[PDB]
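As a starting point, one isolated chain is supplied in structure tokens, in the form solved without its partner chain.
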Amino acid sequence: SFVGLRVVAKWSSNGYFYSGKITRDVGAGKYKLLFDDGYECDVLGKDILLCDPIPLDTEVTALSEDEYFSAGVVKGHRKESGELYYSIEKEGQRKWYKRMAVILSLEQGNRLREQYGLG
């Protein structure tokens, strides 16, 4: 089963995909998500990506500490102390981001559904 897996799943009300874990198989292609912020919703398998971590060379949206957002490209993954960090390149410069600071826009997550989606 997919229960217990880390995924990146769409939040339908804004179209963005967020990291979380499947907690239940609701049936018929639907799954219960527990997002990493503690929000929970049912999500269709087609809107769930099996990528823990989000892949190298993927376009993502990085969250900066003052509620700004920007696109960047994943160039690294690191483990430090049981936690995942992403190295994100924007305009030739790389910066590190914690897992919750990296999300996918609708257009960024849709690109991945073929290879990673649970549809």
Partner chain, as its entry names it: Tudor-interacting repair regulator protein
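Only residues modelled in both forms are compared. Residue numbers count along the first chain shown, from 1. Superpose the two forms; the largest set of C-alphas matching within 1.5 Å is the rigid core.
According to the PDB record, 39 to 47 carries the higher mean C-alpha B-factor of the two stretches 39 to 47 and 69 to 77. For the set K21, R24, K98, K10, the PDB entry puts the maximum C-alpha B factor at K98. Ranked against the other modelled residues of its chain, the C-alpha B-factor of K32 as given in the entry falls in the lowest third.
Separately, the form deposited with its partner chain bound exists; it is not shown, and the next lines address it.
Residue contact with its partner chain in the deposited bound form: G92 places no heavy atom within 4.5 Å of it. In the deposited bound form, its partner chain sits within 4.5 Å of a heavy atom belonging to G38. Under a 4.5 angstroms non-hydrogen atom cutoff, its partner chain in the deposited bound form lacks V26 among its neighbouring residues.
Core-superposed comparison between the shown form and the other one: residues with C-alpha shifts of 2 Å or more form a single run of three or more, at 64 to 67.
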